[PDB]
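The structure tokens that follow cover one protein chain in two forms, given apart as structure 1 and structure 2.
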Structure 1
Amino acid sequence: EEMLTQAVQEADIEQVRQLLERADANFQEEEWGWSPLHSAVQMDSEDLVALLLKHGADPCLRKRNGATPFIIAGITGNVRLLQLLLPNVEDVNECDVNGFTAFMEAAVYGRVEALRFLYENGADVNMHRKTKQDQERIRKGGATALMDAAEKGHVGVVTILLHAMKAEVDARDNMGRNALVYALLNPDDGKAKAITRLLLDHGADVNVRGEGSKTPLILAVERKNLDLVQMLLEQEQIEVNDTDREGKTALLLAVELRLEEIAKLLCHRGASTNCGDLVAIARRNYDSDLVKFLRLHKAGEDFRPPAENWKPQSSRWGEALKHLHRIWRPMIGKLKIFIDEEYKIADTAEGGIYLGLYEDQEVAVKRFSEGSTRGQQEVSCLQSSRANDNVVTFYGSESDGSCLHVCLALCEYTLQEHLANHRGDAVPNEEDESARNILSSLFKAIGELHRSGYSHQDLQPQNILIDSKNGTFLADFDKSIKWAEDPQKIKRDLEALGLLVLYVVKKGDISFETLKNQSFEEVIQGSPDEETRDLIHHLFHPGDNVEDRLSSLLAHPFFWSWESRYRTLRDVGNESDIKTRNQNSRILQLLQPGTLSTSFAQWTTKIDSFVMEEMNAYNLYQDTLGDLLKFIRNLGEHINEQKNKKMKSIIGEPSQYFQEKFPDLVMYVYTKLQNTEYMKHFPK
């Protein structure tokens, strides 16, 4: 068991003694390096530190962060533990891996008596923390005990340090920050006031920069504290027109924040009034008195608003996005939004979809009550989908008081809109490349969504968005579920895909409503060609064994171009056994085995007689599939020879010709050669 440590937790000294002479006193638990000696000091039991020191336990023994029970004594504050441990210590200024000494830890925990003790015993008071190189290269570390004490707001400790212990007031950390900055970050107003005063009077630089390139003055304004502002403005060397990183001056902030008194005070100390359109800002705040004051001085007449270079990307939403960028709005975290019909994209079962700006990027913002189960499902699924390239990009979510804003990539059109706009783009008898692109993206999207452990549960055309560059994206995961719990619910996504296949192949002419009321067989019968029929079938009957059946369907002839289909038929028809009509051969046994129900039964009679007619000078063309493939191959090769120019005009584009005359041909060949060596002739 080796449960000594255990006993020290319970602090029962009899079991400890009993088992120092029955386990190791320097035994460190592997996770964090805690020794019983470390643990003893932490809980402040003099009896246990004594007992353990009487069994040789090293008081310079380091735990994971480099902490010795000595340094931990500084935290606990008890001076008689420090006394007990000091005689087995090489340096009193030994620091853990982040540069913390027992003295700093005394300053941090506001342990006044411990601080004095360590002062008398040689503790360095202006020691900056030396940390590991990772932390150094990002300018962390270098903080003093003064800074620690100021931050924590220990008024006691600051004063002692400054006056008794010669603490350096304008000591900087690696970020370039002095104790004054640290002081102003404390949430307690009095403590902060007290500590600022002390620090200021010893000569702390008042034009330092903290986080965000903010001065102490600006920190004070953002704190909304007249008192700290006056204290700071009593110094005459302070720069009042210093700007933070975003270019805001202390005054500007003051007006913005609706701080009449502090604004006035700032103006009466030489704060320039051309750091923003202050009147406008006061006006909008309904700060009538401050308006008047600012008007009296009239310093809102010399300031040009920036002329507006941000260029929206969306064309449909461009104009409104420009307006939204232009106007003033408060932020909800990283999100700028305004709930007005001008910026509304669409209605939803909760909250609607509005244009927004998120980290200055244009976005669609889907809104939910912050309670919402649906909002939680959406955000959950989106958070798992960031790798899925055919899912609408998720920027992030911002909660306000009572509303979950989900920010998504802005797309131009819905699938429905898009199909309508592009309905005239192909003449009736021309290949629909677009349908393939759309549907392959959806297959990938849903495939990947399933791999992610999610099922959509409401696939329909309103949930499918098209971007400026014709890319298609799946959206709306408010009804999604983790399928793991109920794996056969995936089937419903696949069914909806099946309806989407038809919807898209029909270029939006049949409504999705219509298609949802149809039975599986009605949908299949509605399919214009055999490839589509076969494809949809496989989606409505996916099989319990349906891991990644979506990905296998991307190889289906539906996704083959008409050139590739023709190319495949040609390549099969160039197999030597088809050319030599070797009926015994493997290929012909795959294609024509045994012994009329196909559109290419007696195919020679259905092709124009001249072509056939002139297609016969070499024993002849018979009505086998074999011979049709041969025919396709031969025409393929010779159609463009100059002597065949009449043939060419009768036929037109050969791929189109054969598929139209023989709609089942491509599918028939695919089926016969599917899992064979001749699969090699299929498209890429």
Structure 2
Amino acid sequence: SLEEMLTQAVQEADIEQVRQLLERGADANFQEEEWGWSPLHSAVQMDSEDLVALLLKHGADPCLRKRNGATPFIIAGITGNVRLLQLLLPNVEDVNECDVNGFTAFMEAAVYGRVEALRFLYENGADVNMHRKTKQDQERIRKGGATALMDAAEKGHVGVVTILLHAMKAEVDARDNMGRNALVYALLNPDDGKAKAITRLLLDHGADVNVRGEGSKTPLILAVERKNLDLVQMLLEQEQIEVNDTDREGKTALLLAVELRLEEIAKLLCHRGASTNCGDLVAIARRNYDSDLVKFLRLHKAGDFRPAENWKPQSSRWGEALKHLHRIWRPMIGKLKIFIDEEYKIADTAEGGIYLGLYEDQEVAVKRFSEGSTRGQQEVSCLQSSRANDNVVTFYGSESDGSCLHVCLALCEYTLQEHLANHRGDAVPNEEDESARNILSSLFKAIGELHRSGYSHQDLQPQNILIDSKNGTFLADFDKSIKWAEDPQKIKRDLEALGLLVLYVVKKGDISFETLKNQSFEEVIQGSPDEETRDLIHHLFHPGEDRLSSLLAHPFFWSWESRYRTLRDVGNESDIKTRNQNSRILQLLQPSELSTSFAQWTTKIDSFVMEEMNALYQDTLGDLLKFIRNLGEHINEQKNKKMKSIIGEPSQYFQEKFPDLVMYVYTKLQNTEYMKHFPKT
């Protein structure tokens, strides 16, 4: 509280209240633990000399480093009051002391365009062509090495540039670790006049003009991109200027000037040796509606330049249209290449449609929103949280053209509805449906993960589910999604739609989803072809917020083989074989319940099989399981060949003859020790 009242006192500039507390014994070398600021640092930054004098009297160290290694002296450079620098100098060890990023009081004077402070530190030993020496991590990626000249040029301080080159002997062609010099820094400044004046000075002193800036750009290309005839004339006054220099992507200064629709700057560039076979400049002027520059371009023809098409799309369905999109010219919206044409449309939506696009040269689906849209905001928000969810469509990023939020997504081959259509004629009519389990377990996982992330979908339907080239399934179209904390029992709608999607997929897409939405709970249950489906759906309409991942353990997701295996394994328990009425197993399998389909099972199994196996089977469940166990073990032996052919495939046999069997056993053993007989799930 003491030094804290001092800290406060200084911030207020109560000179007296400071005096009292210094005499009370308060530490002027106190530093707050976050950013390392001292009362001496603070007094300098706010520029009240009285406080700096008062604190220096009380032993406040002027070489005291804050978090960034800056000392109150360094800070005075930024402040630019000369009598502060006077007051701190007779305690300063080195005038060239740097913070951890290599900054000196002189650099700081240059950065803040403080002429008078620069003069003071000039006459006092301050090195003028000191490069910033930074920490090892910054150097290894070639950061640092900049100078007061480069600093002054970037900030556009005409005064400071004049004074350094002339009065102060600044090296004009000094390089930072990136290989940049003050000219590059000069050319980046937003103001026209300031940029003009600084470039002039620097050129006349012998700044190299053949230098690489950000994006491998020359000074010339920077002058072009800025649309400044003035900055381009100065740079084209020198002969050694490489006019046919290429930036990162192979764009030339001329190419750029045609592309930007800048007549004068293009012509001046031609009259100076900008070679014309760097791209079809004529066509570029033509799409620009630049009549005048066209003619001039055809008045220097060197024949008729030509352009090789390499890029192959990954998509099969969208391939040819993506080739076309890659071929034609479009302007970019950040990292996105897009064209609002029917040829490129994927689908129609509640706002804006979905089109093919290219994002960093990768194929994408692009969902469009009005940039103000609640709906677009909900989508982007949910997608940004879903990056770890493996069964959610991959999110590339979102780009704004100012009136339209573009959401870019991985491109998929088909919607679930399409996919089921294309694969409808693959399976023999009674085959086991492995495909349905895969699709639906991927959905359970996707929705389960979406819930754990705090989001609910609200519009699960088959058009929002996509299938990729490799048969994987993904969830999509988040516009109507909500953070479920807002209303926790709205999760229910996801769970109910998932129940409808169970039926949908098990029915191989033959029943439309519309139909299934107009049906009531009991109609849906009745529409189900088996008991596992019925029970699964039931559990979705009547849930217990991690129920979904537990439902992946449900016998619906057991293969026919696994189901058969579980019945055989249960039927091999000692107490089923010895018919121990005492035992815990037969206790559990013994209930109350309604009429089963295996009650008096012995009368509905072929009479030939019945005899051969009795070679004492009662109408208990226990004796059915045992029957399954023995038949499983012996079905393949020579002496059962006639039995084998009556049965056919045994898994199919038992499940068909007794549809409720697997479910009944699963229900009875679910939370018990003999749950260990279930497949590894």
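Numbers given to residues start at 1 and step along the sequence of structure 1. We call the rigid core the largest set of C-alpha positions that still match within 1.5 Å between the two forms.
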| property | result |
| --- | --- |
| Conformational change between structures 1 and 2, one of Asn582, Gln83, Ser561, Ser369, C-alpha moving 2 Å or more after core fit | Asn582 |
| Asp608 C-alpha relocation of at least 2 Å between structures 1 and 2, rigid core basis | yes |
| Core-aligned CA displacement of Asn644 at least 2 Å between structures 1 and 2 | yes |
| Backbone CA shift between structures 1 and 2, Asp627, after core fitting (angstrom) | 2.1 |
| For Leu355, CA displacement between structures 1 and 2 after the core is overlaid, in Å | 0.4 |
| Between structures 1 and 2, C-alpha offset at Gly573 (rigid core aligned, Å) | 1.5 |
